[PDB]
There are 2 protein chains.
Amino acid sequence: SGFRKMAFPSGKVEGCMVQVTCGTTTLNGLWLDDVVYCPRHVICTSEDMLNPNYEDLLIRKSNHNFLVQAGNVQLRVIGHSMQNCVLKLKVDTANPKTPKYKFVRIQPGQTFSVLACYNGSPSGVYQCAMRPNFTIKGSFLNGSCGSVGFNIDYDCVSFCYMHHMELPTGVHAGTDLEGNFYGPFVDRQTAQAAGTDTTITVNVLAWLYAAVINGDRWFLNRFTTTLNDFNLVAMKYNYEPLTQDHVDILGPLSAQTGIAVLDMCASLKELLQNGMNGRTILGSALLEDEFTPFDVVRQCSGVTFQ
Amino acid sequence: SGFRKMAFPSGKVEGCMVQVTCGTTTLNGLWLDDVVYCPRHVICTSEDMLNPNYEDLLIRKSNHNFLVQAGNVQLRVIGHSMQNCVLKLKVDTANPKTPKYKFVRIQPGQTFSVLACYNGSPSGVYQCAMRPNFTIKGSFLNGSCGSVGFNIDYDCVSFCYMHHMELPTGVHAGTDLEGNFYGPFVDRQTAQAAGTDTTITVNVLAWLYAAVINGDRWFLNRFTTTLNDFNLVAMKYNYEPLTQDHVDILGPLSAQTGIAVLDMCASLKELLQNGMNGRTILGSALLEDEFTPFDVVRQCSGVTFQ
Ligand SMILES: CN(C)c1cccc(Oc2cnc(Nc3cccc(O)c3)nc2)c1
Ligand SMILES: [Cl-]
Ligand SMILES: [Cl-]
């Protein structure tokens, strides 16, 4: 038993991390097969940060201007190109540590592990959720750009995030591995509106199920509700609307606990309308929304999904 | 910026994880050089866990009773012996991925990363604190026994914990890698009292410094406190007493922020007495105590490992 924010083991990703330097600036790159991926603002200086012309800056560069180091071994760069906001440096050697992998663009509300890195060397690993407003709340210092987010299914690493910037609000923004930013953000040193955020309803319900499985049951009540009534409450409390697809995804947790999904929705409704009265759920004094139903099952391997 | 509960990169430890099966009992082992370390209760049957005579059970065991799988390959047990509560299986093949390592017995209040494993395969990684009462509040399901906890310093993995059991209360107990249990616990299926626990006061103060570094400052006040007077309030709220040694350890964080240690104590004194009034610190609605002063500096400094 127990329930803890749990990241994926990072070994497979560690072996892909390298250090990329262009003139002054160093950040991290991801070496897969014979291509290194890194944020394109590596080719930038503070003179250029408010409105970089990335096409012109890249024209001034040549293969040998990109210093790429995998641990202690220097890599030979044989080509470069820009795809959206990432650079792809072709190297003469395929990474012998390349895992089985895919590139994926995740949906808001999905979770992933981040391997925070500096100078191509790993520093730590933690779980993030892609907020509804397409930011993440991580731990990213100077030089952490190019650190990636990922999920592991058996033996395939699905890379879904590369870190590019911290907004003036202190939250974080980045791209998929094709270089496309999550959300409306751009790679320039400017104040940028992140949309209104909201709480990931389906994740709160999954975490309430995890709590019941772990023996925390005080919030269970004698009430039920409708999807429509619940969604009225959710909208009032800045929660994401709950769809039948969400109900469907919560099915296996409903089955293990025997608590109908709409009964749990009535429990959540009461928590939102009355607060938690100073009590806790799974060690937390607020309602947690960064565990997916998948995340919960992984840590409660008693429920039946297949 | 940003402060997150962060585990060490787990790659070096993943390469040492194997599966140990004895009869119908499978758990995890740690393969360093030509020895596989695992909990000795792997040799117990269901009906033997009330009061096993491990000496007699081990005598009855033969090398071929221990099936050890390392990925696709099964190792060949050529030796079996017992060191306190850990079983040591000599194998005819040394681990080529053995990292630089030490065995270390940690102190209550210190933190370490746990690599949760099942059937010899790493499942996830998270950060824990050894509680003052020598338990840990982890996330462990059946078969997780043998999962290890560790720290990394530079390039050396310091193994400090091996998981052995879940207490009937749902917290967790284990040994150092010499097989000595942390706390008053023994490896028999008995109800065992874990001592009264306390909050790690030095860690809470370290975490408050982390919040100030990340822009959370509302808790700060212009109140003064003596160490002795703060300890009167701490004892009322089941906080462990703060010593000069603790004050000294927080020095670097006091220097970085310009907030004297005892002034931070005055801040914590108010938070314990009046609570948080619904406000949060670093996203949390309660006081966090699983970050050491080192953890805070390490994170806010970007320290890496290679
Ligand atoms: C997207 N992103 C992170 C980005 C984009 C383009 C250039 C780029 O490179 C920089 C930006 N800023 C600075 N220094 C700096 C110091 C104090 C205040 C200040 O606003 C800026 N140094 C390099 C980063
Ligand atoms: Cl995830
Ligand atoms: Cl630690």
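1. Focus: the overall build of chain A
For step 1, the next point in the chain: When helices and strands are tallied, chain A shows eight helices and 13 strands.
For step 2, the next point in the chain: Rg of the C-alpha trace for chain A: 22 Å, near the compact-globule value of 19 Å for 306 residues, within the 12% margin.
For step 3, the next point in the chain: If you line up chain A on its principal axes, its C-alpha atoms span 70 × 40 × 30 Å.
For step 4, the next point in the chain: Relative to its full complement of 306 residues, chain A shows a buried share of 54%.

2. Quick word on unusual backbone geometry
For step 1, the next point in the chain: Of note, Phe134 of chain A is a non-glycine position whose phi angle comes to about 65°, a positive value.
For step 2, the next point in the chain: Relative to the helices and strands, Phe134 of chain A is located in the loop between strand 10 (121–129) and strand 11 (148–153).
For step 3, the next point in the chain: Assessed through its relative accessible area of 26%, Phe134 of chain A is described here as partly exposed.
For step 4, the next point in the chain: Of note in this structure, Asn277 of chain B is not a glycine but carries a positive phi near 50°.
For step 5, the next point in the chain: Looking at the element boundaries, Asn277 of chain B is found in the loop between helix 7 (261–274) and helix 8 (293–301).
For step 6, the next point in the chain: Of the residues examined, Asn277 of chain B reaches a relative accessible area of 70% and is grouped as exposed.

3. Details of helix 4 (residues 227–236) of chain A
Residues and elements named next belong to chain A.
For step 1, the next point in the chain: Buried within helix 4 are the following residues: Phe230, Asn231, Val233 and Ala234. With its buried residues spanning 160° around the axis, helix 4 presents them on a single face. Away from the buried face of helix 4 by more than 90 degrees, exposed residues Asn228, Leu232, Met235 and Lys236 are located.
For step 2, the next point in the chain: Downstream of helix 4 by one or two residues, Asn238 has phi in the positive range, about 60°.

4. Some remarks on the relation of the copies chain B and chain A
For step 1, the next point in the chain: After a rotation of 180° and a shift along the axis of 0.2 Å, chain B superposes on chain A with an RMSD of 2.0 Å. Taken together, the rotation angle and the small translation identify this as a two-fold axis. Proximity to the rotation axis, assessed at the C-alpha, singles out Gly11 of chain B in chain B; its C-alpha lies 2.0 Å from the axis.
For step 2, the next point in the chain: Looking at chain B, 81% of its interface residues are interface residues in chain A too, so the copies touch through the same face.

5. Regarding the packing of aromatic side chains
Here a ring pair, both rings aromatic, is described through the centre-centre distance and the interplanar angle of the planes.
For step 1, the next point in the chain: Per the counting criterion, the structure on display carries 19 aromatic pairs over all chains.
For step 2, the next point in the chain: Here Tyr101 of chain A and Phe103 of chain A contribute two aromatic rings whose centre-to-centre distance is 5.6 Å and whose plane-to-plane angle is 45°, an arrangement assigned as tilted.
For step 3, the next point in the chain: Between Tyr101 of chain B and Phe159 of chain B, the aromatic rings sit 6.3 Å apart at their centres with planes inclined by 55°, giving tilted as the arrangement. Of the two residues, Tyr101 of chain B is situated in strand 8 (residues 101–103) and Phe159 of chain B in strand 12 (residues 156–166); the sequence distance between them amounts to 58 residues.
For step 4, the next point in the chain: On the basis of relative accessible area, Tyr101 of chain B is assigned to the partly exposed category, the value being 26%.
For step 5, the next point in the chain: Following the ring pairs from residue to residue traces out a cluster consisting of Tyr37, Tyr101, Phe103 and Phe159 of chain A.
For step 6, the next point in the chain: Note that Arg40 of chain A overlies the ring of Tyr54 of chain A, its terminal NZ or CZ placed 3.8 Å from the centroid.

6. Some words on the nonpolar core
For step 1, the next point in the chain: Core analysis: the largest hydrophobic core is formed by 41 residues, its most contacted members being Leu30 and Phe159 of chain A together with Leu30 and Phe159 of chain B.
For step 2, the next point in the chain: With sequence-adjacent residues up to four places away left out, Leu30 of chain B is seen in contact with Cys16, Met17, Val35, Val36, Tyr37, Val148, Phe159, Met162 and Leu177 of chain B.
For step 3, the next point in the chain: Judged by nonpolar contacts, the second largest core, of 36 residues, contains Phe230, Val261, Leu268 and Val296 of chain A.

7. Description of the environment of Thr21 of chain B
Residue and element names in this part refer to chain B.
For step 1, the next point in the chain: Tracing the chain through its elements places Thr21 in strand 1 (residues 17–22).
For step 2, the next point in the chain: Separated by 46 residues in the primary sequence, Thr21 and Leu67 have C-alpha atoms spaced 5.1 Å apart.
For step 3, the next point in the chain: Not counting residues up to four positions away in its chain, the partners in contact with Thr21 are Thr26, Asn65, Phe66 and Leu67.

8. As for the packing of helix 3 (residues 201–213) of chain A against helix 7 (residues 261–274) of chain A
Residue and element names in this part refer to chain A.
For step 1, the next point in the chain: Two elements in contact, helix 3 and helix 7, have axes separated by 10 Å at closest approach and are oriented at 100°. In terms of orientation, helix 3 lies roughly perpendicular with respect to helix 7. Along the contact surface, helix 3 presents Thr201, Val204, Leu205, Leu208, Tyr209 and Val212, while helix 7 presents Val261, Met264, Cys265, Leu268 and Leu271.
For step 2, the next point in the chain: Residue classes in the contact of helix 3 with helix 7 are distributed as ten nonpolar, one polar and no charged.

About the thresholds
Residues numbered from 1 in each chain as written, not as in the entry; some residues may be left out. Chains lettered and ligands numbered in written order. Heavy atoms only, no water. Helix = DSSP H or I, 4+ residues; strand = E, 2+ residues; numbered from the N terminus. Rg over C-alpha atoms; globule rule 2.2 N^0.38 Å. Buried < 20%, exposed > 50% of the residue type's maximum accessible area, 1.4 Å probe, protein only. Arc of directions from axis to C-beta. Least-squares fit on C-alpha atoms. Contact = heavy atoms within 4.5 Å. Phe/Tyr/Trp six-rings, centres within 6.5 Å; stacked < 30°, edge-to-face > 60°. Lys NZ or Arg CZ within 6 Å of the ring centre and 35° of its normal. Core = buried A, V, L, I, M, F, W, Y, C linked by side-chain atoms within 4.5 Å. Axes fitted to C-alpha atoms, helices over the stretch in contact; angles between N-to-C directions. Parallel < 35°, antiparallel > 145°, perpendicular 65-115°, else oblique. Nonpolar A, V, L, I, M, F, W, Y, C, P; charged D, E, K, R; others polar.

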